[PDB]
């Protein structure tokens, strides 16, 4: 029953001492292993937006060195899996820097990715969160990846959708890609409703995802909002398959085994649980 599981989450949400104790336990959570030595190496420091938010050595996206303009494998990006391969995978990554824009697109190309989730505005009260990695109009060429803005649909003030035609100009292969851009999510504190994000999520998940390809999810540090989104999606997707592991804190633990520090605040943790419960509610009210 969803009525049973929804009753559980609502009790969980009202229980602020349980919340505080889960979060405390999560602040002390440490993966094994947890080394980020390659990311911290001297060549790579300039390629990270935030020094505290890095991929683990055991779980990082490796660019194909021969295809890289700088001949490096490094991008601040982490694969996030389940053990089952039939389940939805992600790449959690930082918002591209000006000098990592060609790295980002090489990652998009080699991963197979047809969906990008962007969770930040480019600038948040005067603080730059992300560099623009897409053309505002027409086409832009980043190394060998020609990105063509086909369509922009503003659905509301909370979110819009860009559709792109992507060409590898070397091989002449083509791909369609959709960027889902959420505009209204602050880096500190949460959105006052979970509604618009959940509507946004329904549009993301109905999009053509590719043949077993990751969704790329990013914000600024690729940890705070990125993690909170991936947590909500992961919990809800598991529920839909009727998976028996229904524990949000343990699910967050599974995400932090793969990229460190995801979900940055207790507010984001509590928002995630509120969003999961609002979606379950919504599904039932439609039945």
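Positions refer to the first chain, counted from 1.
Look at the mean CA B-factor for 235 to 243 and for 220 to 228 in the entry; the higher one is 235 to 243. For the pair 202 to 210 and 101 to 109, the record assigns the higher mean C-alpha temperature factor to 202 to 210. Per the PDB entry, 123 shows the highest C-alpha temperature factor of the residues 139, 91, 144, 123. Residue 267 sits in the middle third of its chain by CA B factor, as recorded in the PDB entry. Among all modelled residues in its chain, residue 134 ranks in the middle third by Cα B-factor.
Looking at the C-alpha B-factors along this chain, the one for residue 149 belongs to the middle third. Residue-level temperature factors show residue 254 in the lowest third of its chain, judged at the C-alpha atom. Annotation for residue 176: CA B-factor lies in the middle third of the chain's modelled residues.
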